[PDB]
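K.L.:
sequence plus experimental coordinates follow:
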Amino acid sequence: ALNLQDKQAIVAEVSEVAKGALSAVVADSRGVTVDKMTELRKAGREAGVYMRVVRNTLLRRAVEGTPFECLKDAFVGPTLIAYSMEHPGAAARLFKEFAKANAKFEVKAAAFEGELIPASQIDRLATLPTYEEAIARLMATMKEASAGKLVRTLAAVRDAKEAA
Amino acid sequence: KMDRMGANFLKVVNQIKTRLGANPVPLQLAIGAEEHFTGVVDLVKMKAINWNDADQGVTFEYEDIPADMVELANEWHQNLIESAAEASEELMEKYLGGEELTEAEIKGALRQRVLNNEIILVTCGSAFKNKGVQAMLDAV
Amino acid sequence: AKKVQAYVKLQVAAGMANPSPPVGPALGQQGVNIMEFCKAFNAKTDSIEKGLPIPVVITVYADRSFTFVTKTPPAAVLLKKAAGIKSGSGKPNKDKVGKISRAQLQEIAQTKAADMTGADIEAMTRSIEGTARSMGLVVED
Amino acid sequence: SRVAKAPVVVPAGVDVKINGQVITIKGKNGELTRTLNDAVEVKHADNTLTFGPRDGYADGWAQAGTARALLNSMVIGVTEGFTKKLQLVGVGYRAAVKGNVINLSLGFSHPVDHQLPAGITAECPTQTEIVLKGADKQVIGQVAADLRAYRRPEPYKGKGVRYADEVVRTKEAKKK
RNA sequence: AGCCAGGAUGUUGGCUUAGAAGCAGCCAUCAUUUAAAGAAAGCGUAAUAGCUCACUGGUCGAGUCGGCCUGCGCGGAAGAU
C-alpha cells in the first residue's frame, strides 16, 4: 500500500542541502558519460561542491513542500544540479571546466542569492566569482576617480613643465 | 576474363600492390567491362584497339583514340612516366627538370625494372572472346 | 582521415615486448615499429621495474609512430605479490591459502594512486581490500 | 488501449470526405487514399477527428484503434511520403527503371520486369539503389515485398534485393 | 510500455585452462566517484573484441502488473466403396 520510502526520504535530504547551498547551477544533459561526471565530482568535493542528477519529480516536490532559494520552480527535461556549501562560487566554476569538453549549451540557468541567472549572463559572473579580487575591482573604479586621477595628472604635467 | 560480369580491372591492380607487395604498372588501360570490354587503350602511344571477329585485331595503328577515358588516362600515363623515371638517378633528374621523353626510352627504362625484378607491368584482355591476346604478346 | 586511433588496450611484461603475441597484428598493420616501440617502452617502465605485468594503452600517429600511457601495474597482481603467495586457491578465502597485512594493502593504494575510484586512500584501500580478499588472502592487522 | 484516442490533428486543410463509414483523404502529395470502416464512428470535429466504437461493441473497439492508425497514416502520406529504400547486394545485380516498370538483372536468364500499380513510382540513384515514392502506405511496402520476393537475401554472403537496410543475421559457410 | 540518454571504476577478481577473457567450469557473490551498473541475465570472434540486460534520469501523463480459484473454448486429433 505505497510502502516505498526512497522517494519520500530523498526529497527531504536534497531540500536541506539545496536550501543550505550558496550558489547553484541548473543544466540539462541527456547524452552524459560516466567519465566526465566522475572527474568533476572528484574535484568538486575538495571545493565543497556536490554535483547531482536527481528526479524532476523529486525536485518539483522539494519546491512544493518548502520555499526554495535555488529555484523559482523546476525546469522541463532532465535536470542536473551543481551546488556548493563552502566556497560560494564553486558550483558554476565546474560548468566552465565542463563546457570546454563535451557540451556547453547544456546550462539553462544558475541561481545567485536566489535570483535566476540565464545562460548568457552567468558566463561573465562565474568567470570571476572570488570576492577579494572583486572588491579590488569595485574599489579600482572609485579609487581612479577619488585620488588616482589627480596624482597621475600632476606627474604628467610636471614632466611637461621641466621639459620646456 | 573482363567480358564476365563483376569484373573491374583497377581493384585487381590495387590487390597486387596491397597483398602481394609489388607495384603494378598498368601498361594498358581498359575500355569497358562486361559487354563493353570491346576495346583497350595502349598507354605507350595513347591509342586504343578494337577486335570484331579475330581479324580486326590484325589492324594495329590509330584504330581508335581513348575517347572519354581521358581524365583517368592522364594520371596513369603520368604513372607510366613516373615508373620509367626511377630506374636511375639520370632519368629521374630529366623528369624533375621539366623535359619530355619517348616510347623507345619508356620501353628501355621499364624493361630494366621488369628484368631486375623491381616493377610488374600489368596488361589485360579476355582470352575467350578473342580480345587483346595479340596485344598481350607484344608486351611479352 | 589520418591513420590515428587512441587508447588501444595492451598488457605485456614491462620493457621486453618484441614478438607477435606481445605486439599483435595491429603494430604491423598500423605501420608501427616494434624496435622503436621497445626503446620508448623501456623509458617509462624502468622506474616501476621491468619484468612486471604492465598495463599500457597505445595512441597511434599516422607518421608510423606511437605514444603510450601506463595505468601502472594491476592492483590484483600487486597485492598478490606484496603478500608473497604464489597463486590463489580454487576455493579462495573460503578455503584460503595465505595472508596479507593492512600495511601491505595501503602500499598497493599508493602505487595505484590516482587510478583508484575511491574517495581517499582509506576508501581506495577499502576497494583493494575486496580484491585482496577475492584472491584468497586472509587479512592480518 | 491508449492509441484509439490519438485524434489526428489535420495539418494544413487536408480534404476530408466523410460518408459515415467510408473516408477519402484528398490533397496534394498523398492524394486520393480511401478506407471503409464499419463498426466505428468517425466524427470530423475541429480538425481533430473523433474515433470510437459504434454502439459500445466488444469487437468494435479493436477496429477503432485500426481506424485511427489508417487515418494518422494518410496524414503522414500527404505530409512526408513513404518507404523509399530498396537496394541490391553483391556481384552483378543491377537494375534500371523504365517508366513505371523496373527491369532488374537479378541473375535470372531473363532480366525481370516488374510493373508498378497506379499510385506509385520509382527511380534509381545508380543501378544498385532503388527509391520508391507513393501515395498509400500499404501499397508502397507491398511493392517492396513483391520485389523482395524475386530474391530473398541469401544468408552466407547476404546477396539479394534488400528492402530497407537490415534484413538478415548472416552466417558462416563451412564454419566448425 | 515505447522513444531518447547513461549503462561505469579496482578489474582481463581468484583459481583452473591452449584460451578462461562479465558471460566452459569451480570459489569468492565484494568494494568504489554514483543519480546508477549483478566481479553479470542472454546472444556473441566456441573465449580477446562487439550487441542487448535488469538498474538510472528525461520525453510520457494513466491506471498498471504478477499469482490463484473457476465456467466455456482451443490445439494435441492420421485409414480402407
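P.N.:
Noted; the coordinates are in hand. Residues are numbered from 1 along each chain as shown, chains lettered A, B, ... in the order given.

K.L.:
neighbours of residue C:109, how many?
P.N.:
Neighbouring residues of residue C:109 were enumerated by other CB atoms under 10 Å in any protein chain shown; the total is 23. C-betas here are computed from N, CA, C, even on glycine.

K.L.:
so it sits against residue C:121, correct?
P.N.:
Yes: with contacts counted by CB atoms under 8 Å, residue C:109 reaches residue C:121, the gap being 4.9 Å.

K.L.:
what's the local residue count around the residue in chain C positioned nearest to RNA strand E?
P.N.:
Proximity of chain C to RNA strand E (CB to the nearest atom of the strand) peaks at residue C:88, 2.1 Å away. Other residues near residue C:88 come to 17 when the count uses other CB under 10 Å.

K.L.:
contacts for the helix or strand where residue B:107 lies?
P.N.:
Element membership for residue B:107, per DSSP states H and E: helix B:103-116. Here helix B:103-116 makes contact (CB atoms under 8 Å, 6 or more residues apart in numbering or on different chains) with B:25, B:27, B:44-45, B:80-81, B:83-88, B:91, B:118-121.

K.L.:
can you select the buried ones from the residues you listed in ChimeraX?
P.N.:
Under the burial definition 16 or more other CB atoms under 10 Å in any protein chain shown, those of the contacts of helix B:103-116 that qualify are selected in ChimeraX by:
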select /B:25,27,44,80,81,83,84,85,87,91,119,121
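
K.L.:
for the most centrally placed residue in chain A, which three-state class applies?
P.N.:
Nearest to the mean C-alpha position of chain A, by CA atoms, centre = their mean, lies residue A:92 at 3.3 Å. Assigned with DSSP: H, G, I helix; E, B strand; the rest coil, residue A:92 falls in the helix class.

K.L.:
pretty sure it contacts residue A:82?
P.N.:
Yes: counting by CB under 8 Å, residue A:92 touches residue A:82, with 7.4 Å between them.

K.L.:
quick one, what contacts the residue nearest to the centre of chain A?
P.N.:
A:23, A:25, A:82, A:110, A:122, A:125-126, A:129.

K.L.:
what's the neighbour count on the nearest residue to residue A:81 once chain neighbours are set aside?
P.N.:
Nearest non-adjacent residue to residue A:81, counting by CB to CB, 6 or more residues apart in numbering or on different chains: residue A:52, 5.0 Å away. Neighbours of residue A:52 under the rule other CB under 10 Å: 16.

K.L.:
in a strand, residue A:52, correct?
P.N.:
Yes: assessed by three-state DSSP, residue A:52 belongs to a strand.

K.L.:
ok, now how distant is it from residue A:86?
P.N.:
16 Å (CB to CB, to the nearest Å).

K.L.:
cool, residue A:20 as well?
P.N.:
Residue A:20 is 10 Å from residue A:86, by CB to CB.

K.L.:
check residue C:134 too.
P.N.:
Residue C:134 is 38 Å from residue A:86, by CB to CB.

K.L.:
again with residue D:95
P.N.:
Using CB to CB, residue D:95 is found at 70 Å from residue A:86.

K.L.:
more neighbours: which of those two?
P.N.:
residue D:95 (25 against 10).

K.L.:
show me what the helix or strand harbouring that one is packed against.
P.N.:
Following DSSP H and E, one finds residue D:95 within strand D:94-98. The elements that strand D:94-98 packs onto, with contact taken as 3 or more CB pairs under 8 Å, 6 or more residues apart in numbering or on different chains; DSSP states H and E, are strand D:101-105.

K.L.:
mind listing what's buried in the strand it packs on?
P.N.:
Buried positions in strand D:101-105, judged by neighbour count with 16+ other CB under 10 Å: D:102-105.

K.L.:
next one: the closest residue to residue B:94 other than its chain neighbours from RNA strand E, what distance?
P.N.:
Spatial nearest neighbour of residue B:94, chain neighbours left out: residue B:101 (6.9 Å); criterion: CB to CB, 6+ apart. Distance, residue B:101 to RNA strand E, by CB to the nearest atom of the strand, to the nearest Å: 51 Å.

K.L.:
residue B:101 reaches residue B:80, doesn't it?
P.N.:
No: counting by CB under 8 Å, residue B:101 does not reach residue B:80; the two are 10.5 Å apart.

K.L.:
for burial, what's the neighbour tally of residue C:19?
P.N.:
Neighbours of residue C:19 (other CB under 10 Å): 8.

K.L.:
quick check: the gap between it and residue C:70.
P.N.:
For residue C:19, the distance to residue C:70 - CB to CB - is 20 Å.

K.L.:
residues making contact with stretch D:33-49?
P.N.:
Against stretch D:33-49 from outside (CB under 8 Å, 6+ apart): D:7-10, D:16, D:18, D:21-25, D:50-54, D:57, D:59-60, D:63-64, D:66-67, D:70-71, D:74, D:77, D:135-136.
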